[PDB]
Amino acid sequence: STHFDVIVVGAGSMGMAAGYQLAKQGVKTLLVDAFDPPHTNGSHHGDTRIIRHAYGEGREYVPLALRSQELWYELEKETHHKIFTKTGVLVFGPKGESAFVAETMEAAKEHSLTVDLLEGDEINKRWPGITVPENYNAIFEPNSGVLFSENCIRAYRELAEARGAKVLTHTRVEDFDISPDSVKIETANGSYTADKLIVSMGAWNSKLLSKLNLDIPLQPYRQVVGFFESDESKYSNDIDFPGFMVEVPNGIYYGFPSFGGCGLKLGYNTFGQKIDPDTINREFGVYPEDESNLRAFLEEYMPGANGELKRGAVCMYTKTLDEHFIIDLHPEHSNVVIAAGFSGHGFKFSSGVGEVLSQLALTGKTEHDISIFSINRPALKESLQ
Ligand SMILES: *Cc1cc2c(cc1C)nc1c(=O)[nH]c(=O)nc-1n2C[C@H](O)[C@H](O)[C@H](O)COP(=O)(O)OP(=O)(O)OC[C@H]1O[C@@H](n2cnc3c(N)ncnc32)[C@H](O)[C@@H]1O
Ligand SMILES: [Cl-]
């Protein structure tokens, strides 16, 4: 016997941010999650997340990256939880052989971002612990950095609840009942109604959006990361070792400097096992590529951080065909908002997306230009049942 103004299904990276934005405006919101955010079953754990401004995936992402950065700084001031550390982010690759590096440089240029350009030995000299061939070039962004993702969701939740938002945990939404003037969700713990619905179930979007008559290609991928014992005199955040995302002949890798001696963290971005969020094996090391792919990179580019494995984590990417996000209203229901397919690089934007989702749910529009994330774009191959 309780109606809400807005219901958010999937209170993760995007959903909890949306809940915070809605709650702050006095909007009666209900957030429902299959677990208890932040948790280790979705796509937000692993402790840290890189945030970049100069965007190699496309310069059209810069505006939202900058707005998100400002929002992260605001969150830092609103909670006791640590939110962001300005490690700066280094991007490098073979000269003339990386579209990612090239677009990163062009994005910085087009938006007048503050960055350093260096190559060959200059990279090795500036950052002891990095060893790249002389034919490698790079762009360093000193003002971007590292976000503590679990703290972000935890802070957004605590703030949202303090303002009246209700969070229903360990409740898996199984179906949706949408009408022209209301929305209703079904769960093992009961049904709820509201005026608007926000759908942000991460990897599970690939299995439940069909319940909304949507047939959009979304592939979940098993993506691991490892923390390795490193030479702290070189890889510690304290000695300014940067966060990074680089492209080498065999793919794209990303990493973080050691924080308080937790060890350098590394991940392989271009490769992962195709999986189902309900049957994925979340144990690190069950595939010999888990650890081998990482050490193959370390022994060649950051030899001093190829020590004993301290910790491992298994997480998920949810890719769209063009690897661009999906942030839009449901084509058949203006009272339903969709957030999906962040394709492995959406957390840094979660703060900004929360704001966008709030605007879409309340007004059906947003001040941000989200055209590249249209649910109707061709490269997506979207359709109905
Ligand atoms: C996996 C990964 C991703 C990643 C990364 C490293 C790894 C190993 N590093 C990143 C980085 O350095 N910078 C960056 O910008 N992004 C990076 N990423 C990607 C980012 O983490 C993902 O894009 C992001 O987390 C996507 O957010 P989203 O909100 O989509 O996913 P979620 O956080 O998993 O939240 C979904 C929630 O919904 C719930 N759920 C699922 N099904 C249901 C049902 N049926 N009912 C109710 N709730 C449901 C989940 O429980 C989850 O909490
Ligand atoms: Cl993702």
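In short: position in the sequence shown from 1, add 4, done, that's my numbering.
Cβ atoms here follow ideal geometry from the backbone N, Cα and C, with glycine treated the same way.
For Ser186, there is no enclosing alpha helix (DSSP H); the enclosing beta strand (DSSP E) covers residues 186-191.
Between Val360 and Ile376 the beta-carbon gap is near 12 angstroms, outside 8 angstroms, which marks them as no contact. Take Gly255, set aside five residues on each side of it, and the residues of its chain with a beta-carbon closer than 8 angstroms to its own are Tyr272, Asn273, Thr274, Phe275, in chain order. Residues with their Cβ less than 6 angstroms from any non-hydrogen atom of ligand 2, running along the chain, are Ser47, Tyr321, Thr322, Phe346, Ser347, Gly348, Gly350. Buried is the label assigned to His334, since at least 16 other Cβ atoms lie within 10 Å of its Cβ. Here DSSP, grouped into helix, strand and coil, assigns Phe346 to coil. Beta bridge pairing from DSSP links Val119 with no other residue. Residue state for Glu138 is assigned as coil, using DSSP reduced to three classes. Taking a 10 Å sphere around the C-beta of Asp242, we find fewer than 16 other C-beta atoms and assign the residue as exposed. In chain order, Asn128, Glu304, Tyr305, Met306, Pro307 place their CB closer than 8 angstroms to the CB of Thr135, counting only its own chain and leaving out the 5 sequence neighbours on each side. Check the Cα spacing between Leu302 and each of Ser5, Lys385, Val250, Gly206: the tightest is with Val250. Considering only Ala309, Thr91, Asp181, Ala112, the residue with the shortest C-alpha distance to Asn339 is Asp181.
Contact check for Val12 and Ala22: beta-carbon distance about 6 angstroms, within the 8 angstroms limit, so the pair qualifies.
In terms of side-chain proximity, the C-beta atom of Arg161 is found no nearer than 7 angstroms to any non-hydrogen atom of ligand 1. Pairing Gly46 with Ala207 gives a Cβ-Cβ distance under 8 angstroms. For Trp208, the Cβ falls inside the 7 angstroms cut-off from some heavy atom of ligand 1.
Judged by DSSP secondary structure, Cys156 falls within the alpha helix (DSSP H) whose first and last residues are 153-166. The closest CA to that of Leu270, considering only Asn285, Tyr239, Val290, is found on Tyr239.
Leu212 has its CB nearer than 7 angstroms to a heavy atom of ligand 1. Distances taken from the Cβ of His43 to the heavy atoms of ligand 1 include one shorter than 7 angstroms. For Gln73, the uninterrupted alpha helix (DSSP H) segment begins and ends at 66-82. In its chain, beyond the 5 residues on either side, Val171 have a beta carbon closer than 7 angstroms to the beta carbon of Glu165. Around the C-beta of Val36, 16 or more other C-beta atoms lie within 10 Å, and the residue is accordingly described as buried.
Nearest C-alpha to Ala192 among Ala38, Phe353, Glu61: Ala38.
Taking each of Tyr140, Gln277, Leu384, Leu75 in turn and checking the Cα distance to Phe96, the smallest one comes out for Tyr140. Restricting attention to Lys323, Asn297, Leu366, the CA atom closest to the CA of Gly289 is found in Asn297. At a Cβ-Cβ threshold of 8 angstroms, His57 and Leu70 count as neighbours. For the options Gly358, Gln389, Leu384, the alpha carbon positioned closest to that of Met18 is the one of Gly358.
Annotation: the continuous alpha helix (DSSP H) that includes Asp125 extends over 125-130. Contact annotation: the segment 76-85 does not touch the segment 115-134, with fewer than three C-beta pairs closer than 8 angstroms. Between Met20 and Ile157, the beta carbon gap of about 5 angstroms places them in contact (Cβ cut-off 8 angstroms). Nearest Cα to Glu145 within the set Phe351, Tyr59, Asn217: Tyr59. The DSSP-derived three-state label of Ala317 is strand. Nearest in C-alpha terms to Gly50, of all of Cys266, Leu218, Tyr196, is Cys266.
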